[PDB]
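Chemist: Protein sequence lines correspond, in order, to chains A and A'. A prime marks a further copy of an entry chain.
The entry's author numbering puts the first sequence at residues 3 to 273.
The entry's author numbering puts the second sequence at residues 3 to 273.
We treat Cβ as the ideally placed atom computed from N, Cα and C, and that holds for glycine.
Pasting a structure below so you can have a look.
Number of protein chains: 2
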Amino acid sequence: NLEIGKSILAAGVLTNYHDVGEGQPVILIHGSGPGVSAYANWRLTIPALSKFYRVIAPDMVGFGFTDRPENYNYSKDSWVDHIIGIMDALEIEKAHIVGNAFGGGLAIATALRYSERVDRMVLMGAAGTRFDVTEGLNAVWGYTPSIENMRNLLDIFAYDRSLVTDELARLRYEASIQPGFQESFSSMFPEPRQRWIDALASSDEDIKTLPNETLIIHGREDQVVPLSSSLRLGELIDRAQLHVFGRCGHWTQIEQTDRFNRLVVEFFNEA
Amino acid sequence: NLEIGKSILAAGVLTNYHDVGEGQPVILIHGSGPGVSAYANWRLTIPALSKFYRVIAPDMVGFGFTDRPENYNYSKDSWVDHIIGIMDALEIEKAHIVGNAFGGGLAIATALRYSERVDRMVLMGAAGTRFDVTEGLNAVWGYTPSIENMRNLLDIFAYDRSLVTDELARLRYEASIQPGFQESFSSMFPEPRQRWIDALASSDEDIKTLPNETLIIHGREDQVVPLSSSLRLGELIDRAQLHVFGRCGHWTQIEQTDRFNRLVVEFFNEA
């Protein structure tokens with residue numbers, strides 16, 4: 003299983019992670035869909051970035067193959083603590099961070115609580131500001147296992163559905179039913195789900211204080227997180243750029259891979 | 003005067019233009035401010051693009067050093083005819099087009115009337131859709147000569163005013179008072195100026211038919227053309243990408259030169 007990488011104790015949690023490349027460190031933070039893992043989200047991103055940077059992609063506690071501590075208390079602050087624990091564990095003093103949706107919200111929160119540890123940020127279809135729960139997100143977080151449910155979820159993420167094959171739906175369905183996966187997932191964002199969007203968000207006041215050069219990326223047709231959310235982040239973050247891909251859903255790193263990789267690498271190269 | 007380049011008869015008008023580089027042709031269309039010329043707008047853009055493309059930057063009839071025909075009838079269609087006349091004159095069968103504001107509106111109009119002659123487009127703080135005249139635009143089009151008026155206009159275009167020096171204001175003021183310049187300029191967009199924004203615009207219906215890969219660029223703080231205008235173009239053009247620079251005014255090619263040049267060259271390189 004290529005989704006399983008190396009293991010390291012971080013913030014007291016046995017964490018699964020990938021580490022490829024050398025030089026300036028870049029932390030990639032995955033999303034929060036069912037069966038999600040750092041590898042699943044960034045497999046097409048790591049190879050490109052690792053040619054110029056040291057890429058670290060860990061499975062956040064409660065997701066992927068990282069340990070799911072009994073009676074663990076999941077929260078924005080706990081996840082931020084996990085990220086910092088991972089950086090501490092790897093002696094990563096300061097790094098750029100790329101966050102996908104859920105991970106984007108965590109990226110913002112980490113930059114606010116540990117400004118000295120974060121350099122540049124890339125927020126992709128990111129959480130971080132309050133927006134009304136969409137039908138797509140409620141369907142994603144409300145997922146129950148079945149190949150048809152997974153095919154439909156994948157369709158929600160994609161603009162070009164031809165990319166959603168029976169095989170992909172089957173593989174992700176299988177990933178979603180691994181021991182303990184659906185159990186922790188279903189209890190992670192229970193109804194009413196608007197509560198979690200609000201909890202993962204940072205205040206406009208706090209976001210305005212961010213000094214980090216930031217690159218906001220979004221897919222015009224994103225059905226999970228509305229484009230309006232990134233437009234708002236773009237009005238709040240001072241040193242920011244916004245790049246919106248037309249004919250692209252939530253999966254920007256997957257549907258516009260080459261354009262995404264080029265933009266991100268050049269963005270970091272500026273430093 | 004480096005703003006004066008070569009001369010060629012196009013659509014019956016003696017046209018001043020610059021031609022640098024080899025390979026795939028790219029036409030750069032300047033804006034409509036006082037004293038504007040292809041060189042003034044694109045001097046920092048041509049050198050970068052000319053390393054990979056043949057860059058053509060002409061002075062549109064009624065602007066720069068191109069002839070200003072007596073009793074000439076200026077209009078969106080006449081300007082489109084000038085662009086096509088320039089391409090015909092240079093045996094440019096198909097080319098990418100980069101349009102700045104006014105020029106962006108012309109780029110869209112040319113792509114609609116001569117789809118076969120236009121490949122990829124880059125619309126920067128472009129006209130093309132209807133928007134309520136801004137105080138900045140009315141001040142620009144309502145310019146009367148003086149170094150103080152020019153300094154203020156330059157400030158309207160810029161985010162970082164430290165870039166507006168007495169010397170630059172002096173040089174552009176001098177450019178604006180060249181024989182016949184202010185005369186044709188003041189009669190070009192007379193009050194009420196909303197009429198000209200509407201005339202230069204293309205209908206939502208027509209814009210939706212554009213098949214061209216398009217790159218829309220805008221400065222968050224643009225005081226002349228509102229960001230909302232580009233957001234709208236981005237909702238209308240199918241194969242489009244939107245890139246918004248924070249801490250950037252109307253002068254994107256001038257204030258974010260390297261980022262702008264890289265994005266444009268890579269955009270064209272995809273073809």
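What separation, rounded to the nearest whole angstrom, lies between the Cα atoms of A/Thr68 and A/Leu16?
Modeler: Going from the Cα of A/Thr68 to the Cα of A/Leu16 covers about 6 Å.
Chemist: Relative to chain A', which residues along the segment 240–271 of chain A have a C-beta separation below 7 Å, given in chain order?
Modeler: Cβ contacts with chain A': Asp240, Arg241, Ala242, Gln243, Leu244, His245, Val246, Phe247, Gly248, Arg249, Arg264, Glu268.
Chemist: May I have a chain-ordered list of the alpha helix (DSSP H) segments no shorter than 4 residues that lie completely inside the segment 197–223 of chain A?
Modeler: Listed in chain order, the complete alpha helix (DSSP H) runs (minimum 4 residues) inside the segment 197–223 of chain A are 206–209.
Chemist: Residues of chain A with CB under 8 Å from A'/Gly236, in chain order?
Modeler: By Cβ distance, chain A contributes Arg222, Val246, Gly248.
Chemist: For a quick check, are the C-beta atoms of A/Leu155 and A/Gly35 less than 8 Å apart?
Modeler: For A/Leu155 and A/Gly35, yes; Cβs fall inside 8 Å.
Chemist: Taking the continuous beta strand (DSSP E) assigned at A'/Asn18, which residues delimit it?
Modeler: Its beta strand (DSSP E) spans residues 15–22.
Chemist: By the DSSP assignment, the alpha helix (DSSP H) with A'/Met62 in it spans what residues?
Modeler: Looking at the DSSP string, A'/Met62 is not in any alpha helix (DSSP H), and its letter there is neither H nor E.
Chemist: At the level of alpha carbons, what is the spacing between A'/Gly66 and A/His252?
Modeler: Distance between the alpha carbons of A'/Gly66 and A/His252: 45 Å.
Chemist: Would you mind giving the Cβ-Cβ distance between A/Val57 and A/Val38, rounded to the nearest angstrom? I have them listed as a contact below 8 Å.
Modeler: Actually they are not in contact, since the Cβ atoms of A/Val57 and A/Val38 sit about 18 Å apart, beyond 8 Å.
Chemist: Looking at C-alpha atoms only, which residue of A'/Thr216, A'/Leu30, A'/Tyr76, A'/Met152 is the closest neighbour of A'/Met190?
Modeler: Checking every option, the nearest Cα to that of A'/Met190 belongs to A'/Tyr76.
Chemist: Is the beta carbon of A'/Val142 less than 8 Å from the beta carbon of A'/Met126?
Modeler: No; because the gap between Cβ atoms is not below 8 Å, this pair is not in contact.
Chemist: Pick from A/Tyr74, A/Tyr19, A/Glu150: whose alpha carbon is nearest that of A/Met89?
Modeler: Among A/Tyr74, A/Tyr19, A/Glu150, the Cα nearest to that of A/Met89 is on A/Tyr19.
Chemist: Using the three-state DSSP reduction, which class does A/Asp121 fall into: helix, strand or coil?
Modeler: The answer is strand: DSSP assigns A/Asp121 an E or B state.
Chemist: From A/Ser231, A/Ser80, A/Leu235, A/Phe183, pick the residue whose C-alpha is nearest to that of A/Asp134; which is it?
Modeler: Of the candidates A/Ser231, A/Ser80, A/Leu235, A/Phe183, the one whose C-alpha sits nearest the C-alpha of A/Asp134 is A/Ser231.
Chemist: Starting from the C-beta of A/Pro60, find all residues in its chain whose C-beta is less than 6 Å away, skip the five residues before and the five after it, and write them out in chain order.
Modeler: The answer, listed in chain order, is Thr17, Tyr19, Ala40, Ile88.
Chemist: Taking three-plus beta-carbon pairs below 8 Å as touching, is the segment 160–176 of chain A' in contact with the segment 234–252 of chain A'?
Modeler: In short, these stretches touch, since the Cβ pair count reaches three.
Chemist: Are the beta-carbon atoms belonging to A/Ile219 and A/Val120 less than 8 Å from one another?
Modeler: No; because the gap between Cβ atoms is not below 8 Å, this pair is not in contact.
Chemist: Per DSSP, A'/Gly101 forms a beta bridge with which residues?
Modeler: DSSP, once it has assigned bridges, lists A'/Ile31, A'/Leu125 as partnering A'/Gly101.
Chemist: What residue does the beta strand (DSSP E) around A/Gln258 start on, and which one ends it?
Modeler: A/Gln258 -> no beta strand (DSSP E), and no H or E assigned at all.
Chemist: Have a look at the DSSP bridge pairing and note the partners of A/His245.
Modeler: DSSP, once it has assigned bridges, lists A/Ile219, A'/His245 as partnering A/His245.
Chemist: Below 8 Å on the Cβ atoms is my guess for A'/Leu11 versus A'/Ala91; work out the distance and round it to an integer in Å.
Modeler: Sure, about 7 Å apart at Cβ, within 8 Å.
Chemist: With C-beta atoms as the reference, is A'/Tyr55 less than 8 Å away from A'/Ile86?
Modeler: No, these two residues do not count as a Cβ contact at 8 Å.
Chemist: Terminal residues of the continuous beta strand (DSSP E) containing A'/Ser9?
Modeler: Segment 8–12, the beta strand (DSSP E) holding A'/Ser9.
Chemist: I'd like to check one pair, A'/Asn140 with A'/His32: are the Cβ atoms closer than 8 Å?
Modeler: Not a contact, by the Cβ cut-off of 8 Å.
Chemist: Between which two residues does the alpha helix (DSSP H) holding A'/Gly25 run?
Modeler: Here A'/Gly25 belongs to no alpha helix (DSSP H), and DSSP marks it neither H nor E.
Chemist: Once the 5 residues before and after A/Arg132 are set aside, which same chain residues still bring their CB inside 8 Å of it?
Modeler: Result list for A/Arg132: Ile199, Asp200, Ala203, in chain order.
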